[PDB]
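**Student:** Going down the list, the protein sequences come from chains A, B, C, D, E, F, G and H. Read in order, the letters of the first sequence are residues 26 to 122 in the entry's author numbering. Read in order, the letters of the second sequence are residues 26 to 122 in the entry's author numbering. Read in order, the letters of the third sequence are residues 26 to 122 in the entry's author numbering. Read in order, the letters of the fourth sequence are residues 26 to 122 in the entry's author numbering. Read in order, the letters of the fifth sequence are residues 1 to 24 in the entry's author numbering. Read in order, the letters of the sixth sequence are residues 1 to 24 in the entry's author numbering. Read in order, the letters of the seventh sequence are residues 1 to 24 in the entry's author numbering. Read in order, the letters of the eighth sequence are residues 1 to 24 in the entry's author numbering.
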Amino acid sequence: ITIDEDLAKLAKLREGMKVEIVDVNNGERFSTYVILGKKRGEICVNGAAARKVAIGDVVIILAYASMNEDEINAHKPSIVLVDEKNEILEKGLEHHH
Amino acid sequence: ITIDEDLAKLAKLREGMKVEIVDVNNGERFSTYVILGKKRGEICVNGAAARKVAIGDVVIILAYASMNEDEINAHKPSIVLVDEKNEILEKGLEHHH
Amino acid sequence: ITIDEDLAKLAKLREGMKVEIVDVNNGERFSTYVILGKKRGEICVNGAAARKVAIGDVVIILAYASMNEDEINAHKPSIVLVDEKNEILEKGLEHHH
Amino acid sequence: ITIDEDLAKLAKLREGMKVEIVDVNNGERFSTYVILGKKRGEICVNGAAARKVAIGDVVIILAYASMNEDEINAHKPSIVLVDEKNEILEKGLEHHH
Amino acid sequence: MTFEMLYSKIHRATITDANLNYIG
Amino acid sequence: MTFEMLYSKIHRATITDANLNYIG
Amino acid sequence: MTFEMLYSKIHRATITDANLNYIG
Amino acid sequence: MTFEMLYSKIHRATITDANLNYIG
Numbered sequence: 026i027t028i029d030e031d032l033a034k035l036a037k038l039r040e041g042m043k044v045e046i047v048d049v050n051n052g053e054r055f056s057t058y059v060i061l062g063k064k065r066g067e068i069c070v071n072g073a074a075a076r077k078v079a080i081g082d083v084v085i086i087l088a089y090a091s092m093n094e095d096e097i098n099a100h101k102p103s104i105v106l107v108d109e110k111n112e113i114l115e116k117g118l119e120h121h122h
Numbered sequence: 026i027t028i029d030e031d032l033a034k035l036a037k038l039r040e041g042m043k044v045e046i047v048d049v050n051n052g053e054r055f056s057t058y059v060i061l062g063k064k065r066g067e068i069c070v071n072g073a074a075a076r077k078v079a080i081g082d083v084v085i086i087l088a089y090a091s092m093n094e095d096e097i098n099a100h101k102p103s104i105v106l107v108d109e110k111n112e113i114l115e116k117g118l119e120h121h122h
Numbered sequence: 026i027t028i029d030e031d032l033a034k035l036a037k038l039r040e041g042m043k044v045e046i047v048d049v050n051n052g053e054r055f056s057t058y059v060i061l062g063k064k065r066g067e068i069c070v071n072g073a074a075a076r077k078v079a080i081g082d083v084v085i086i087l088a089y090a091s092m093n094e095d096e097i098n099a100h101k102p103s104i105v106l107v108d109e110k111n112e113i114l115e116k117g118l119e120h121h122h
Numbered sequence: 026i027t028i029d030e031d032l033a034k035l036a037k038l039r040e041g042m043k044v045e046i047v048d049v050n051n052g053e054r055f056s057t058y059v060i061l062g063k064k065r066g067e068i069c070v071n072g073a074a075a076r077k078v079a080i081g082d083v084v085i086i087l088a089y090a091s092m093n094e095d096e097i098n099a100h101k102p103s104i105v106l107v108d109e110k111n112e113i114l115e116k117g118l119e120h121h122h
Numbered sequence: 001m002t003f004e005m006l007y008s009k010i011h012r013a014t015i016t017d018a019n020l021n022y023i024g
Numbered sequence: 001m002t003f004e005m006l007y008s009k010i011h012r013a014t015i016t017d018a019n020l021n022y023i024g
Numbered sequence: 001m002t003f004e005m006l007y008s009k010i011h012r013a014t015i016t017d018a019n020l021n022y023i024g
Numbered sequence: 001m002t003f004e005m006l007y008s009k010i011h012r013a014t015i016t017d018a019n020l021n022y023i024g
């Protein structure tokens, strides 16, 4: 999955990082890796994964890390909300309730 | 997946922890993360995952941890059984046989 | 998945260990954990996973471990082959070619 | 999945290594392990996985590793491109853009 | 060397709500 | 750095029973 | 002992393109 | 703290054979 490098950076995603993609439109859930893109606002699903989505679909991109007890206690997740143009609306360091 | 914080605590689930959800009604199996809820007895599936379940479905929520040999020998799993209202019926520290 | 404790031991599976089950009859692939069984030759799929198999199906049970370079070089996999009654036919410490 | 040992070596795949297979023809995505093959240009899907592919299908074979921050900064992925006969066309140490 | 082990579980809980368009 | 490696396997075993509503 | 934890996420982004035969 | 990273890949290889009842 090619993600606008600036958007990826804000979400602390590194190139090659495995991420889980869940499609809100069709319910598909799959894993792939991040490719940093040079096109502003671009999110392009490549390869076999292209069959799991349709252009225009709304998706949630999740990145997980293996952490120990101390890391969990000090951890602050980076949650980025974007608009229809993939422009940043919000970036929080805590889950919503 | 939003889980009643008190129920989550009893199962030693931390907010943000990846868990596997398996639906007994429809057989769907998927992975998502825990969101601590403030509503008593509430278990709400959010986002794309909502398409994998129906309200009223019976599910099994599994949490795994990466352990070494010594940790495995000393490990005691926290198994929580609940009723139809998600009220605690039992909590054991060993598998059933 | 409940596995005859003696069979599990031969395959070095510990209770609670996550394993991947792949069904040769129907192609289903899923993950669950091991429950040691007291019934000779028994392999019982429990919970939601029951919907992914049929009694009589032939399956392959895989256990993976996270290893570093040195561990990989010294590692010897435990491959157990069984008959229709889940009786041990062979146990090898290397892959077949 | 049995992979020509020479091809596997070029992609730094070790026997027994878990890999993710994604089929471009049918969109199937599954995980299995590597078996080193002695047949030149051979890529054979074995067991239950055989039901997820058809001979002739184009696939992408992915290998992931768990890395820390320092390892990520120094990491160079091994990306191998092959032709229709599974002959090596290219091998790069960086992602394409 | 490590193995994924069942740490904890909630057995047969009931889904009480679903929110496809959940925000944040 | 670590990699998931095939530790052990039981090849072509037969499912002898199934219990959808297994408890605990 | 370690657990997989949600590190970061991009919520409700829009797929702008798809390339089945993407090369490299 | 660790993250799963793309270590290596074989892009667009062709399946040359399939063996459903492969033994061992």
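Virtual Cβ for every residue (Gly too), placed ideally from N, Cα, C.
(1) Tell whether a beta-carbon distance below 8 Å holds between residue 111 of chain B and residue 18 of chain E.
(2) Given a threshold of 16 other Cβ atoms within 10 Å of its Cβ, counted over all protein chains shown, does residue 23 of chain E qualify as buried or as exposed?
(3) When the distance is taken between beta carbons, is residue 87 of chain D closer than 8 Å to residue 45 of chain D?
(4) Roughly how far, in whole angstroms, is the beta-carbon of residue 11 of chain H from the beta-carbon of residue 28 of chain D, given that I think they are within contact range, below 8 Å?
(5) Whose CA, out of G:2, G:4, G:9 and G:16, lies closest to the CA of residue 72 of chain B?
(6) In the DSSP assignment, the beta strand (DSSP E) including residue 112 of chain B goes from what residue to what residue?
(7) Taking only the alpha-carbon atoms, compute the straight-line gap between residue 74 of chain A and residue 33 of chain C and give it to the nearest angstrom.
(8) Out of curiosity, what's the CA-to-CA distance linking residue 16 of chain E and residue 50 of chain B?
(9) Anyone know if the C-beta pair for residue 5 of chain F and residue 99 of chain C falls short of 8 Å?
(10) Along the chain, which unbroken stretches of the beta strand (DSSP E) at least 3 residues long are found entirely within the stretch 31–71 of chain D?
(11) Taking the alpha carbon of residue 31 of chain C as the point to measure from, which residue in C:105, C:56 and C:76 has its own alpha carbon closest?
(12) Closest to residue 67 of chain B by CA distance: which of B:117, B:115, B:95 and B:107 is it?
(13) Can you tell me whether residue 93 of chain C is helix, strand or coil according to DSSP?
(14) Taking residue 43 of chain A and residue 58 of chain A to be in contact with their CB atoms under 8 Å, please state how far apart those CB atoms are, rounded to whole angstroms.
(15) Scan the stretch 91–111 of chain A for residues whose Cβ lies nearer than 7 Å to a Cβ of chain G and list them as they occur along the chain.
(16) Would you say residue 43 of chain B faces chain G, with C-beta separation under 8 Å as the test?
(17) By the three-class DSSP mapping on this structure, what secondary structure does residue 79 of chain D have?
(18) Name, please, each residue of chain H whose Cβ falls closer than 9 Å to the Cβ of residue 32 of chain D.
(19) Please report the residue range of the beta strand (DSSP E) in which residue 4 of chain G lies.
(20) Here's a check: name, in chain order, each residue in its chain whose Cβ is nearer than 6 Å to the Cβ of residue 101 of chain B, leaving out the five neighbours to either side.
**Tutor:** Looking at the coordinates:
(1) In the second sequence, the residue the question calls residue 111 of chain B occupies position 86. In the fifth sequence, the residue the question calls residue 18 of chain E occupies position 18. No.
(2) Here residue 23 of chain E is taken as the residue at index 23 of the fifth sequence, counted from 1. Exposed is the call here.
(3) Walking along the fourth sequence from the start, residue 45 of chain D turns up at place 20. Walking along the fourth sequence from the start, residue 87 of chain D turns up at place 62. In this structure, residue 87 of chain D lies closer than 8 Å to residue 45 of chain D by Cβ.
(4) The count along the eighth sequence starts at 1 and reaches residue 11 of chain H at position 11. The count along the fourth sequence starts at 1 and reaches residue 28 of chain D at position 3. Contact doesn't hold; Cβ gap of about 13 Å is too wide.
(5) The count along the second sequence starts at 1 and reaches residue 72 of chain B at position 47. The candidate whose alpha carbon is nearest that of residue 72 of chain B is G:9.
(6) Numbered from 1 along the second sequence, position 87 holds the residue referred to as residue 112 of chain B. Run containing residue 112 of chain B: none; DSSP gives neither H nor E here.
(7) For this step, residue 74 of chain A is matched to residue 49 along the first sequence. For this step, residue 33 of chain C is matched to residue 8 along the third sequence. Whole-angstrom Cα-Cα distance: 36 Å.
(8) For this step, residue 16 of chain E is matched to residue 16 along the fifth sequence. For this step, residue 50 of chain B is matched to residue 25 along the second sequence. One C-alpha to the other measures close to 14 Å.
(9) Along the sixth sequence, one-based indexing puts residue 5 of chain F at 5. Along the third sequence, one-based indexing puts residue 99 of chain C at 74. No.
(10) 43–48, 54–58, 60–62 and 68–71
(11) Numbered from its first residue, the third sequence carries residue 31 of chain C at position 6. Checking every option, the nearest Cα to that of residue 31 of chain C belongs to C:105.
(12) Translated into positions along the second sequence, residue 67 of chain B becomes position 42. It is B:107 whose Cα lies nearest to the Cα of residue 67 of chain B.
(13) For the purposes of this step, residue 93 of chain C is identified with residue 68 of the third sequence, where counting begins at 1. Reduced to three states, the DSSP call for residue 93 of chain C is coil.
(14) Within the first sequence, the letter at position 18 stands for residue 43 of chain A. Within the first sequence, the letter at position 33 stands for residue 58 of chain A. Between residue 58 of chain A and residue 43 of chain A the Cβ distance is about 5 Å, and since that is below 8 Å, they are a contact.
(15) 91, 92, 93, 97, 100, 102, 103, 104, 105, 106, 107, 109 and 111
(16) Here residue 43 of chain B corresponds to residue number 18 of the second sequence, with the count starting at 1. It does: the Cβ of residue 43 of chain B has a partner Cβ on chain G nearer than 8 Å.
(17) Against the fourth sequence, residue 79 of chain D aligns to sequence position 54. In this structure, residue 79 of chain D counts as coil in the three-state DSSP scheme.
(18) For the purposes of this step, residue 32 of chain D is identified with residue 7 of the fourth sequence, where counting begins at 1. The contacting residues are 10 and 13.
(19) Residue 4 of chain G sits at position 4 when you count from the first residue of the seventh sequence. Start and end: 3–14.
(20) Counting from one through the second sequence, the residue named residue 101 of chain B turns up at place 76. The answer, listed in chain order, is 118.
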